[PDB]
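Let's start with one chain on its own, the form deposited in one PDB entry, as structure tokens.
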């Protein structure tokens, strides 16, 4: 009887929500379109809206939603940078799924590092055509190199542990360093500049905020070591992509793996192979021998997707029963 409208849905999302939703007393409607100001009108008559990471939940969208009497905005993801929280004004509540599986993203990040370092993705395309030459595929041992992690949160700290198992030296930067964890894991907090100057490999694992937007830009990349391997499974807006293209052309950047991209919203998760990709930077990034782009799949495991579904359904059950909202996103 609680009526739920879901945006940006794929078949994998739907199957999970139908299966696990069978034990909840919900009406579930599934839409393919992203939630934006153009589609916000479709929320009319629903109690709960379920949004995802690439929905444009700006003021206009939020106004139309409150106007339509929406009681709850449920985000089926850990990120909320794309919802303009100040504009909600407590006219409805916002919940997210914060800890479905930090391991999924940390593990993926390690995958991406090794893929671009050891050029696994290029190897595969060669051996498929029967090219078994390995010229140009030489990488570097991670062992005893320095990895620099920006964001020592749930994901960042698991990433650090893994890398320490590789016997990498790890340095890290966080707005709120946690020295205890550093002693347990065996890593040293440093400034951003020290991280840039000493890191052979750099990974972004902080949220997108006003302070992190474009934190990786021409100026910060000039401070990195030539041949630095950079990986981003955070948010696309962490990197000024145009500057990334230049730092690739300058051979500052040894290789880069991007699971997210600043203007990904009309592309990612969709098969755009039969039309023009209109974003110039995205097209150009796809033509670099040492760029690996994957469509925001760091989160994408069966454990992670399972927990997102269950935690999302419970977030909603908990709201309708007037229970305390453990996964509220404070506004």
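Note that the rigid core is defined as the largest set of C-alphas that superpose within 1.5 Å between two forms. Numbering follows the first chain given and starts at 1.
Looking at 235-243 and 118-126 together, the entry lists the larger mean B-factor for 235-243, computed on C-alpha atoms. With 105-113 and 219-227 compared on mean CA B-factor from the PDB entry, the stretch scoring higher is 219-227. Each of 264, 279, 303, 27 has a CA temperature factor in the record; the biggest one is found at 27. When the C-alpha B-factors of 49, 53, 64, 286 are read from the PDB record, the largest value belongs to 64. For residue 22, the recorded CA temperature factor ranks within the highest third of the chain's modelled residues. Split the chain's modelled residues into thirds by C-alpha temperature factor. Residue 175 is in the highest one. Among the modelled residues of the chain, residue 185 sits in the highest third by CA temperature factor in this PDB entry.
Residue-level temperature factors show residue 15 in the middle third of its chain, judged at the C-alpha atom. In the deposited entry, the Cα temperature factor of residue 93 sits in the top third of values across the chain's modelled residues.
FYI, the form deposited in another entry isn't displayed, but the following is about it.
After superposing the rigid core, the Cα of residue 180 is displaced by less than 2 Å between this form and the one not shown. Once both forms are overlaid on the rigid core, the distance between the two CA positions of residue 264 between this form and the one not shown is under 2 angstroms. Wider separation of the C-alpha atoms of residue 74 and residue 214, by 3 angstroms or more, is seen in the other form than in the present form. Inter-residue distance, residue 214 to residue 55 (Cα): increased by at least 3 Å in the other form versus the depicted form.
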